[PDB]
Number of protein chains: 4
Amino acid sequence: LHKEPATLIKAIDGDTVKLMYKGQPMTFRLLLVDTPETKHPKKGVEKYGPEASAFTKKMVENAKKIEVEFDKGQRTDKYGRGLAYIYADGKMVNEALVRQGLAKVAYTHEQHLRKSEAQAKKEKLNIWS
Amino acid sequence: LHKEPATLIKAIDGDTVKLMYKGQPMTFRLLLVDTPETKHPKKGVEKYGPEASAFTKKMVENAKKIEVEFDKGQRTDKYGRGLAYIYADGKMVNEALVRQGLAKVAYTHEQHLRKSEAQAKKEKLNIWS
Amino acid sequence: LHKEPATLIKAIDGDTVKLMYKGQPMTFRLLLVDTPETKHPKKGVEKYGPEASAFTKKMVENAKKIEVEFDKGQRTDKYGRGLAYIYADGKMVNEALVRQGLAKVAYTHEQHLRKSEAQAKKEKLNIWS
Amino acid sequence: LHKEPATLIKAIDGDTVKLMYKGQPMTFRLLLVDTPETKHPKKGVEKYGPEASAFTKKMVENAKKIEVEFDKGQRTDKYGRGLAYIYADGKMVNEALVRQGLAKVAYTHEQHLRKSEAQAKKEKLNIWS
């Protein structure tokens, strides 16, 4: 999580955007957020999808400065879309979507994992010794 | 987050295991955890690095059944490594490491995002109508 | 239309907000936009009302700098709410609402009036002579 | 935008007429137009100011039926003046003035706002679903 400038090529849908990142075009996918579909080849457009797209679309279009929190490993999804936290003038796009009920936080095992970490810290195990 | 079998080939580090997935050799990076490394690009061998490596190796080599579970989003990194929650006889290596203080939970904006999702649910917005 | 700083006291609904304007609290109404209702004493909450409120609410809450385009005549509605164009970090709130289909532009005779003005300009009448 | 009768009392300027509205004396400021003034706070008598004043006066004094139409939003200013579209025998004084080049249409963000509303309608967003 180190911000880096990017510029908008074009907004694609609720959770994907095409940006110029490092002098090269790149389609980014919003980390940890799943918005309803609009352009998905398997199940079409879902309820609130259009509204989700419009939100993301205008958020990155009205923005003067766009930045991305894209890991040094440049992780991508199965379609080659780079995952990141996108900020429209410092406001996080993934959170803004989630807060308006236009995206759902994706299911991960983090909550469970930190539960364990706290316990290992308590017991002051190895790293936490 | 669907589980799939995989056959061990070789443990590479505390955070990386080479598996035979669907007939093809594949190297996996453990999701949501950061392990001290024996193979750090700049540092080389880190403190507790040998410990986490020995742990993953033992945990993985003594399992009868290995399984990988993928994040619906991030699936691969720029080095070609798959990203997964790996299981050794029903026990997650990711969590095993964290519990022993041999790995930390990766930084993420999930906690923040759930806070807002909870607010959205509460206010009965769009997808939560 | 000259911008002036204001600070957020609290967001009220889709089209009203309470701001500190000139060292005094003031409830502002968004000019030319009518959003569905939520807190209206005569007909309750309307469809898309909650969503409208959440939009305006977070727009002015996540904003570092808030400004208003409030006329020197300090025009108010029947409930004493001052009408203005509100900007959340330079982004106009009234337009953002309208663009997401959360507000409708209010009906005025302006389009008709400018039609006439153009004709008076053509004929280079009095002022335009 | 509902019309109501009003009885003339006295014309005050090109942009202001004192009317007897609902049994009470009320001074009205013409909506959406800016007229050169004979009674300008800083300038005093402006060019074409006498002309617009004479125009409003004649237009208003020779009408049999006067009516005021209000903006559903802005209704009063800090000086206590009501804001309205005034009609003299079915003819709007506001438009009459503009047509003769004796008044200009006030600056507004309505054109911009309709542009976006059209985009929202087209995309079938929320209220336009």
Side-chain angles (χ1 to χ4, degrees), chain A residues 8 10-18 30 33-40 43-63 86 88-89 91 93-104, chain B residues 116-117 120-121 123-129, chain C residues 11 13-16 30-38 45-60 62 85-88 91-107, chain D residues 109-129:
Chain A
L8 211 227
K10 62 175 183 162
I12 288 146
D13 56 20
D15 58 21
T16 59
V17 91
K18 195 173 182 175
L30 284 188
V33 308
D34 312 278
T35 53
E37 300 295 345
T38 54
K39 302 173 165 60
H40 174 62
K43 306 193 175 173
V45 40
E46 321 190 86
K47 188 153 174 186
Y48 299 109
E51 290 74 9
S53 299
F55 197 84
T56 303
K57 176 183 166 50
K58 299 310 302 159
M59 196 169 176
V60 300
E61 277 174 8
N62 293 350
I86 296 167
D89 277 328
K91 313 302 200 304
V93 183
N94 329 49
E95 186 286 316
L97 270 178
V98 169
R99 182 63 183 87
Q100 299 295 318
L102 288 165
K104 275 172 156 53
Chain B
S116 309
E117 180 188 51
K121 290 172 188 159
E123 306 185 337
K124 273 192 180 180
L125 274 32
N126 293 288
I127 70 185
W128 311 116
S129 293
Chain C
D13 56 20
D15 58 21
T16 59
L30 284 188
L31 250 175
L32 287 172
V33 308
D34 312 278
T35 53
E37 300 295 345
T38 54
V45 40
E46 321 190 86
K47 188 153 174 186
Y48 299 109
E51 290 74 9
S53 299
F55 197 84
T56 303
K57 176 183 166 50
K58 299 310 302 159
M59 196 169 176
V60 300
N62 293 350
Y85 298 108
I86 296 167
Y87 296 84
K91 313 302 200 304
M92 193 196 314
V93 183
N94 329 49
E95 186 286 316
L97 270 178
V98 169
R99 182 63 183 87
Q100 299 295 318
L102 288 165
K104 275 172 156 53
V105 184
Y107 179 80
Chain D
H109 286 126
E110 207 208 80
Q111 292 180 236
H112 178 18
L113 262 38
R114 307 233 69 135
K115 188 175 180 180
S116 309
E117 180 188 51
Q119 260 327 105
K121 290 172 188 159
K122 182 173 188 185
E123 306 185 337
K124 273 192 180 180
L125 274 32
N126 293 288
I127 70 185
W128 311 116
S129 293

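A note on names: the letters A, B, ... follow the listed sequences, proteins ahead of strands, and every chain is numbered from 1.
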Mind checking what makes ring pair (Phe, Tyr, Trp, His ring centres under 6.0 Å) contact with A:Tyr48, not counting sequence neighbours?
none

Tell me if the NZ atom of C:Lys47 is crowded by more than 12 foreign heavy atoms within 6.0 Å.
no

Can you spot which of D:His112, D:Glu117, D:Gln111 makes a side chain to side chain donor-acceptor pair (under 3.5 Å) with D:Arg114?
D:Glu117

If you compare all heavy atoms of A:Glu51 against all heavy atoms of D:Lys124, which two are closest, and at what distance to 0.1 Å?
OE2-O, 3.9 Å

Could you go step by step and tell me if A:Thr16 and A:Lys39 meet the side chain to side chain contact (heavy atoms under 4.5 Å, CB included) rule?
CA-CA 10 Å; A:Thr16 59; A:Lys39 302 173 165 60; over 6 Å; no

From C:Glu95 atom CD to C:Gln100 atom CD, the distance as rounded to the nearest 0.5 Å
8.5 Å

Are the side chains of C:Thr35 and C:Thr56 in touch, meaning some heavy atoms are under 4.5 Å apart?
no

Measure across A:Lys57 and A:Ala11 and return the closest heavy-atom pair with its distance rounded to 0.1 Å.
CA-CB, 3.7 Å

Heavy-atom closest pair (C:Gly14 atom, C:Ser53 atom, distance to 0.1 Å) is N-OG, 3.3 Å

Measure from NZ or CZ of D:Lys122 to the centre of the six-membered ring of D:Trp128 and say whether it is under 6.0 Å with the direction within 45° of the ring axis.
no

So, B:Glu123 and A:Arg99, do they make that salt bridge, N to O below 4.0 Å?
yes

Show your working on side chain to side chain contact (heavy atoms under 4.5 Å, CB included) between A:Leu102 and B:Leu125 and close with a plain yes or no.
CA-CA 8 Å; A:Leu102 288 165; B:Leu125 274 32; over 6 Å; no

Within a reach of under 6.0 Å around CD of A:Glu61, are more than 12 heavy atoms found that belong to other residues, nucleotides or ligands?
yes

Heavy-atom closest contact (A:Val33 atom, A:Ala103 atom, distance):
CB-CB, 4.1 Å

Quick check: closest heavy atoms across C:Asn94 and C:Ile86, and the distance to 0.1 Å?
OD1-N, 3.4 Å

Taking all atoms of both residues into account, what is the closest heavy-atom pair of D:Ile127 and C:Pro36, and its distance?
CG2-CG, 4.3 Å

